[PDB]
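Student: Here's a structure for you.
Numbers and lists here come from the model and the stated rules, or from a named source; none is laboratory data. Cβ atoms come from the backbone with ideal geometry, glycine included; neighbour counts cover every protein chain shown.
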């Protein structure tokens with residue numbers, strides 16, 4: 001029995017196998033400024049109320065503040081969803097990215113998280129089963145708190161070795177390379193090993209987030225002490241709640257689980273990994289892409305927008321200034337990350353370096369305004385998507401790398417390690 | 001002899017008066033990301049060189065970060081202009097508003113300041129003749145360093161009395177009524193009196209900024225010791241350099257200057273001012289619009305985006321949170337202003353209250369794709385424009401007020417004063 005089978009079995013109250021179709025109760029339902037309207041429209045035709053407003057989260061992160069009339073009409077319509085259904089857990093523009101809000105305030109281990117977003121798989125780092133759903137599907141979830149899901153197969157990814165010169169994004173890019181953009185199709189990506197157990201919670205959320213970029217239905221990491229300490233830090237979880245959570249802790253024994261595929265990654269010495277346009281799996285080491293001049297550098301997104309991502313980037317921008325031909329865009333993942341990075345003096349480092357700061361949202365990682373590339377512009381982003389013409393013009397280029405590389409490259413003006 | 005007549009005469013070398021068409025050598029030329037590519041493309045048809053790169057200033061502020069592909073293409077074209085002609089006085093995105101930057105490190109008294117912006121008249125607070133030109137005229141000036149204008153008539157505006165509950169925005173809004181939105185066309189505005197004399201440069205910048213809103217060709221304020229003190233705090237200093245500017249100081253004597261018309265504004269027992277849709281020449285006192293539901297509040301344009309404006313707004317926003325049904329947007333006018341407000345903890349108060357901090361520029365303005373309004377949505381702004389469908393939908397509404405009132409109304413969710 002794999003981890004996803006373990007979680008789902010405890011969820012329904014009986015042993016379940018991969019391939020089965022079971023009814024699962026939803027512990028956490030969420031839509032954002034882009035997926036709320038359609039979900040709301042469908043909900044009007046179906047129900048006059050929701051099943052539990054305390055388990056429903058709504059956040060504005062895609063178009064904040066409204067950059068178009070249409071986006072303004074979207075949030076306007078989403079505002080009525082909060083009103084007409086009495087949604088207490090509503091996060092306005094500036095609160096931050098939806099998944100970051102869910103992580104630092106809501107998601108508990110062994111939960112079944114249902115989200116109106118493709119990258120809902122991010123919250124599998126808590127030891128929960130989190131997948132994305134369509135707007136019509138989320139409507140029924142809002143009205144009943146239930147949904148049907150097929151227990152997916154599991155790809156075991158063992159990350160062993162030790163390398164302090166690389167970050168979690170460098171590792172997850174390495175995993176994307178060996179597996180591919182279609183390698184984990186219809187399958188949950190169960191991370192584990194020496195590195196994963198010693199990896200911080202900010203890093204675990206990075207690995208589970210890019211699960212969709214490998215075709216993965218979701219990503220999941222076993223609940224740990226780091227998971228519990230994170231729950232102690234970001235939220236006021238009492239010791240009675242940690243202990244209550246530890247008795248329900250789910251672990252996986254040896255050979256008690258049969259995986260579809262079991263890949264293993266040695267992290268040493270593996271220099272910093274960089275994804276090459278126009279696909280997330282096109283990952284090359286730093287030496288193979290050295291000297292590549294860039295026009296724009298973005299540091300934010302759900303993948304690397306947390307406090308630790310800004311802190312690392314701030315220590316390389318602490319001395320110098322952003323290159324003349326390079327524009328730096330910094331966007332904290334949430335309102336909490338923004339505040340904490342203010343008092344820490346992290347923001348001061350950025351602004352002095354000439355970095356452009358935007359309100360906590362999904363930045364220009366999508367469509368999206370707030371940082372559009374022109375024809376020919378190269379952007380070294382820290383997000384999780386390299387699709388051709390995603391950050392603007394169809395003939396623009398996007399590179400993916402850690403906040404460390406992004407910070408250093410912004411100074412030098414070219415992709416570098418020194 | 002009016003102030004404008006004295007400024008233009010010294011600049012040209014001989015005595016001129018209103019009605020005379022003269023050729024003036026330009027001391028300072030500036031275009032932003034929205035007008036630089038327009039002026040460059042126009043320059044590529046007639047000339048093949050700029051007259052003086054040192055006298056040319058380029059600053060990105062309107063669309064920072066790039067909101068559309070066309071906007072990104074424009075900024076790329078503007079980079080060509082700077083790279084080609086070696087414009088050392090170039091400011092990237094995040095540096096701040098074009099007029100604010102120009103006031104922080106360029107505009108000297110007695111100058112002739114030409115700008116590719118309808119609010120270049122702001123720099124008349126330094127005692128310099130400053131007007132706005134189109135893309136065509138900006139190319140002409142870029143090539144020859146000279147332009148052809150007609151010496152305007154002067155509507156003298158004496159502001160006397162005392163009031164410590166209103167602001168410079170409240171004052172300049174009072175001026176726009178007695179005069180009108182078209183009661184100063186083809187004419188220059190000359191502010192004087194005990195109030196203007198006691199104003200800091202933050203107040204004088206506001207008065208000269210709203211000159212075009214009255215149809216005025218420009219708004220100019222006589223330079224004094226307060227003007228020189230600002231040039232010490234900002235662009236470095238020297239008591240010998242200030243003395244070198246006082247030797248060229250231009251003063252105006254009463255009755256020795258014949259104006260087209262003279263107006264005097266009472267301020268002692270005046271209420272605070274809020275302009276109603278859809279024109280800047282429509283303010284009823286705060287008691288006449290108190291209770292008006294607002295859906296969005298913007299604080300921080302060229303009119304009211306400086307340090308004093310932020311600290312005043314943070315004062316009423318201190319400890320409180322922004323009302324639920326209204327989204328607050330705060331944008332510092334400059335990079336320098338941003339930094340000194342960060343070290344003062346002013347930004348923290350904004351973020352704690354739930355404001356949406358954006359890159360130091362001007363948005364939403366003319367639909368700059370920043371904080372776009374939807375249909376039936378009302379915004380209270382500290383900007384200078386009030387026209388129908390300015391911030392988005394044609395059926396949207398805009399109200400103009402001071403940062404003080406803007407902050408308070410953001411707290412209570414409606415236009416108020418308490």
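Student: Given (1) in a helix (DSSP H, G or I); (2) within 14 Å of chain A (Cβ to nearest Cβ); (3) farther than 30 Å from residue A:66 by Cβ; (4) in contact with a helix residue (DSSP H, G or I) (Cβ under 7 Å, 6 or more places away or on another chain), where does residue B:88 come up short, assuming only one miss?
Tutor: Condition not satisfied by residue B:88: (1).
Student: For the structure I just gave you, tell me whether residue A:342 is free of Cβ contacts under 8 Å to residues at least 12 places away in the same chain, surrounded by 15 or more Cβ atoms within 10 Å (Cβ to Cβ) and more than 30 Å from residue A:5 (Cβ to Cβ). Lay out the reasoning, then the answer.
Tutor: Details: free of Cβ contacts under 8 Å to residues at least 12 places away in the same chain: yes; surrounded by 15 or more Cβ atoms within 10 Å (Cβ to Cβ): yes; more than 30 Å from residue A:5 (Cβ to Cβ): yes.
Judged against the criteria, residue A:342 is a match.
Student: Do we find that residue B:136 is in a strand (DSSP E or B), in contact with a helix residue (DSSP H, G or I) (Cβ under 7 Å, 6 or more places away or on another chain) and surrounded by fewer than 21 Cβ atoms within 10 Å (Cβ to Cβ) in this structure?
Tutor: Details: in a strand (DSSP E or B): no; in contact with a helix residue (DSSP H, G or I) (Cβ under 7 Å, 6 or more places away or on another chain): yes; surrounded by fewer than 21 Cβ atoms within 10 Å (Cβ to Cβ): yes.
In short, no.
Student: Do we find that residue A:259 is assigned by CATH to the domain that holds residue A:161, assigned to a loop (DSSP other than H, G, I, E, B) and surrounded by 14 or more Cβ atoms within 10 Å (Cβ to Cβ) in this structure?
Tutor: Working: assigned by CATH to the domain that holds residue A:161: yes; assigned to a loop (DSSP other than H, G, I, E, B): yes; surrounded by 14 or more Cβ atoms within 10 Å (Cβ to Cβ): yes.
Yes.
Student: On to the next question. Test of understanding: among A:61, A:54, A:48, which residue is buried (at least 24 other Cβ atoms within 10 Å of the Cβ) and either assigned by CATH to the domain that holds residue A:91 or in contact with a strand residue (DSSP E or B) (Cβ under 9 Å, 6 or more places away or on another chain) (or both)?
Tutor: A:61
Student: OK, next. Identify, from the list B:389, B:376, the residue that is in a loop (DSSP other than H, G, I, E, B) and in contact with a helix residue (DSSP H, G or I) (Cβ under 9 Å, 6 or more places away or on another chain).
Tutor: Values: B:389 fails: in contact with a helix residue (DSSP H, G or I) (Cβ under 9 Å, 6 or more places away or on another chain).
Just a single option satisfies the conditions, and that option is B:376.
Student: Sticking with this one: Can you name the number of the only condition in (1) over 26 Å from residue A:337 (Cβ atoms); (2) within 11 Å of chain B (Cβ to nearest Cβ); (3) within 21 Å of the chain's Cα centre (by Cα) that residue A:377 fails?
Tutor: Among (1) over 26 Å from residue A:337 (Cβ atoms); (2) within 11 Å of chain B (Cβ to nearest Cβ); (3) within 21 Å of the chain's Cα centre (by Cα), the lone unmet condition for residue A:377 is (3).
Student: List the number of the failed condition for residue A:312; all other conditions in (1) within 19 Å of residue A:412 (Cα to Cα); (2) more than 11 Å from chain B (Cβ to nearest Cβ); (3) touching a strand residue (DSSP E or B) at 6+ places or on another chain (Cβ under 8 Å) hold.
Tutor: So the condition that residue A:312 fails would be (3).
Student: Now for a different question. May I ask you to list the residues in the range B:176-194 that are within 19 Å of residue B:3 (Cα to Cα), in contact (Cβ under 8 Å) with a residue 60 or more places away in the chain and crowded, with 23+ Cβ neighbours inside 10 Å?
Tutor: B:187, B:188, B:189, B:190, listed by residue number.
Student: Is it fair to say residue B:329 is in contact with a strand residue (DSSP E or B) (Cβ under 9 Å, 6 or more places away or on another chain) and within 14 Å of another protein chain (Cβ to nearest Cβ)?
Tutor: Taking the combined requirement at face value, the residue satisfies it.
Student: Residues of the range A:45-69 being part of a helix (DSSP H, G or I) and either within 9 Å of another protein chain (Cβ to nearest Cβ) or within 25 Å of the chain's Cα centre (by Cα) (or both), which ones?
Tutor: Of everything in the range A:45-69, those that are part of a helix (DSSP H, G or I) and either within 9 Å of another protein chain (Cβ to nearest Cβ) or within 25 Å of the chain's Cα centre (by Cα) (or both) turn out to be A:53, A:54, A:55, A:69.
Student: Looking only at the range B:267-326, which residues are more than 16 Å from residue B:356 (Cα to Cα) and in a strand (DSSP E or B)?
Tutor: Result: B:273, B:274, B:275, B:283, B:284, B:285, B:293.
Student: Six or more apart or on different chains, Cβ atoms under 7 Å: show the pairs whose first residue is in the range B:117-139 and at positive phi and whose second is surrounded by fewer than 24 Cβ atoms within 10 Å (Cβ to Cβ) and assigned to a loop (DSSP other than H, G, I, E, B).
Tutor: From the range B:117-139, the pairs are B:127/B:109; B:127/B:110; B:127/B:222; B:127/B:250.
Student: What tally of residues in the range B:332-363 results from selecting those that are at the interface with another protein chain (Cβ under 10 Å from one of its Cβ atoms), closer than 23 Å to residue A:369 by Cβ and assigned to a loop (DSSP other than H, G, I, E, B)?
Tutor: Of the residues in that region, 8 qualify.
Student: Of the conditions (1) within 11 Å of chain B (Cβ to nearest Cβ); (2) touching a strand residue (DSSP E or B) at 6+ places or on another chain (Cβ under 8 Å); (3) more than 25 Å from residue A:104 (Cα to Cα); (4) part of a loop (DSSP other than H, G, I, E, B), residue A:394 satisfies every one except a single condition; which number is it?
Tutor: Going through (1) within 11 Å of chain B (Cβ to nearest Cβ); (2) touching a strand residue (DSSP E or B) at 6+ places or on another chain (Cβ under 8 Å); (3) more than 25 Å from residue A:104 (Cα to Cα); (4) part of a loop (DSSP other than H, G, I, E, B) one by one, residue A:394 breaks only (2).
Student: When the residues of the range A:3-27 are filtered to those that are in contact (Cβ under 8 Å) with a residue 24 or more places away in the chain and either part of a helix (DSSP H, G or I) or outside the structural domain of residue A:111 (by CATH) (or both), which remaining residue is surrounded by the fewest Cβ atoms within 10 Å (Cβ to Cβ)?
Tutor: A:10
Student: Shifting gears a bit: Which of the residues spanning the range A:72-85 are surrounded by 23 or more Cβ atoms within 10 Å (Cβ to Cβ) and at the interface with chain B (Cβ under 7 Å from one of its Cβ atoms)?
Tutor: A:72
Student: Sticking with this structure for a sec: Restricting the search to the range A:195-219, which residues are buried (at least 24 other Cβ atoms within 10 Å of the Cβ) and farther than 18 Å from residue A:128 by Cβ?
Tutor: A:213, A:214
Student: Filter the range B:91-104 down to residues that are within 14 Å of chain A (Cβ to nearest Cβ) and closer than 19 Å to residue B:303 by Cβ and give me whichever is surrounded by the most Cβ atoms within 10 Å (Cβ to Cβ).
Tutor: The residue in question is B:97.
Student: Which condition number does residue B:371 fail, the rest of (1) facing chain A (nearest Cβ under 9 Å); (2) surrounded by fewer than 22 Cβ atoms within 10 Å (Cβ to Cβ); (3) touching a residue at least 24 places away in the same chain (Cβ under 8 Å) being met?
Tutor: If we test residue B:371 against (1) facing chain A (nearest Cβ under 9 Å); (2) surrounded by fewer than 22 Cβ atoms within 10 Å (Cβ to Cβ); (3) touching a residue at least 24 places away in the same chain (Cβ under 8 Å), just (2) comes out false.
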